[PDB]
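See structure below.
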Amino acid sequence: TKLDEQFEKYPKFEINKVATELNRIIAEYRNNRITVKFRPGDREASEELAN
Amino acid sequence: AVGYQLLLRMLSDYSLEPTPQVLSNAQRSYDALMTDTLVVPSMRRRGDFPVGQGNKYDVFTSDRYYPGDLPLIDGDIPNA
């Protein structure tokens, strides 16, 4: 506001309260990491191929 | 307003007491002058009151705290 021949600004505090669940989700993922797995079939050499 | 306020002050010399209508007219004129000459100043910040983290200090001109005094306008004259 103009406020008696100046330009004083409003106070804008920040209280972050939405990041806790996101951090929990990220930690839950990083605890149990997953990758790609190849499964064999009903053949003789499919096991060695997948390995 | 000036003439009425003067009339009330000088009426004693001729020993004439004032009338309620004259008093009311002088009151209204003085009240109008008072309305014309208002200021109503505002309340500046204390000075140790913190500025919020969302005001982007370290990039904008704002610091962590309000100045609490007229802020510097030039830098050539920095004492005031």
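A note on labels: chains of the structure tokens are A, B, ... as shown, every chain counts residues from 1, and ligands are counted from 1 in their shown order.
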Could you make a table, as CSV, of the residues of chain B that have an atom within 10 Å of an atom of chain A, each with its nearest atom pair and distance in Å to one decimal, counting only C-alpha atoms, in chain and number order?
```
residue,atom,partner,partner_atom,distance
B:39,CA,A:4,CA,9.9
B:40,CA,A:4,CA,9.5
B:41,CA,A:4,CA,6.7
B:42,CA,A:4,CA,6.2
B:43,CA,A:3,CA,8.1
B:44,CA,A:3,CA,7.7
B:45,CA,A:8,CA,8.4
B:49,CA,A:11,CA,9.3
B:50,CA,A:11,CA,8.0
B:51,CA,A:11,CA,5.5
B:52,CA,A:13,CA,4.0
B:53,CA,A:13,CA,5.4
B:54,CA,A:12,CA,5.2
B:55,CA,A:12,CA,6.1
B:56,CA,A:12,CA,9.5
B:62,CA,A:9,CA,9.2
B:65,CA,A:11,CA,9.9
B:66,CA,A:8,CA,8.3
B:67,CA,A:8,CA,9.4
B:70,CA,A:6,CA,7.9
B:71,CA,A:6,CA,8.5
```
I want to know what sits within 12 Å of residue 7 of chain B, based on only C-alpha atoms, with residues of the same chain fewer than 3 positions away left out; could you give that as a count of residues only? 17
Going by DSSP on the backbone, which residues of segment 3-80 of chain B come out as helix (DSSP H, G or I)? List them as a PDB file with C-alpha atoms, in the first residue's frame.
```pdb
ATOM      1  CA  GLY B   3     -15.114  35.834  10.236  1.00  0.00           C
ATOM      2  CA  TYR B   4     -17.341  33.863  12.591  1.00  0.00           C
ATOM      3  CA  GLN B   5     -14.509  32.870  14.923  1.00  0.00           C
ATOM      4  CA  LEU B   6     -13.385  36.538  14.912  1.00  0.00           C
ATOM      5  CA  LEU B   7     -16.944  37.729  15.665  1.00  0.00           C
ATOM      6  CA  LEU B   8     -17.217  35.470  18.736  1.00  0.00           C
ATOM      7  CA  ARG B   9     -13.872  36.777  20.067  1.00  0.00           C
ATOM      8  CA  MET B  10     -14.616  40.538  19.639  1.00  0.00           C
ATOM      9  CA  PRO B  20     -27.583  30.232  19.357  1.00  0.00           C
ATOM     10  CA  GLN B  21     -28.044  30.530  15.584  1.00  0.00           C
ATOM     11  CA  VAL B  22     -24.722  32.373  15.288  1.00  0.00           C
ATOM     12  CA  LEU B  23     -23.061  29.766  17.503  1.00  0.00           C
ATOM     13  CA  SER B  24     -24.437  26.949  15.340  1.00  0.00           C
ATOM     14  CA  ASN B  25     -23.310  28.615  12.105  1.00  0.00           C
ATOM     15  CA  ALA B  26     -19.812  29.167  13.496  1.00  0.00           C
ATOM     16  CA  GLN B  27     -19.716  25.539  14.643  1.00  0.00           C
ATOM     17  CA  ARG B  28     -20.659  24.221  11.196  1.00  0.00           C
ATOM     18  CA  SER B  29     -18.119  26.451   9.440  1.00  0.00           C
ATOM     19  CA  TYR B  30     -15.336  25.410  11.819  1.00  0.00           C
ATOM     20  CA  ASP B  31     -16.286  21.744  11.419  1.00  0.00           C
ATOM     21  CA  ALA B  32     -16.062  22.071   7.636  1.00  0.00           C
ATOM     22  CA  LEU B  33     -12.616  23.660   7.968  1.00  0.00           C
ATOM     23  CA  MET B  34     -11.579  20.795  10.254  1.00  0.00           C
ATOM     24  CA  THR B  35     -12.736  18.287   7.630  1.00  0.00           C
ATOM     25  CA  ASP B  36     -10.757  20.150   4.972  1.00  0.00           C
ATOM     26  CA  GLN B  53       9.989 -15.733   3.535  1.00  0.00           C
ATOM     27  CA  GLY B  54       7.675 -15.324   0.541  1.00  0.00           C
ATOM     28  CA  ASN B  55       8.828 -11.758  -0.124  1.00  0.00           C
TER      29      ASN B  55
END
```
When distances are computed from only C-alpha atoms, which of B:80, B:69, B:59, B:15 shows the smallest separation from residue 46 of chain B? B:69
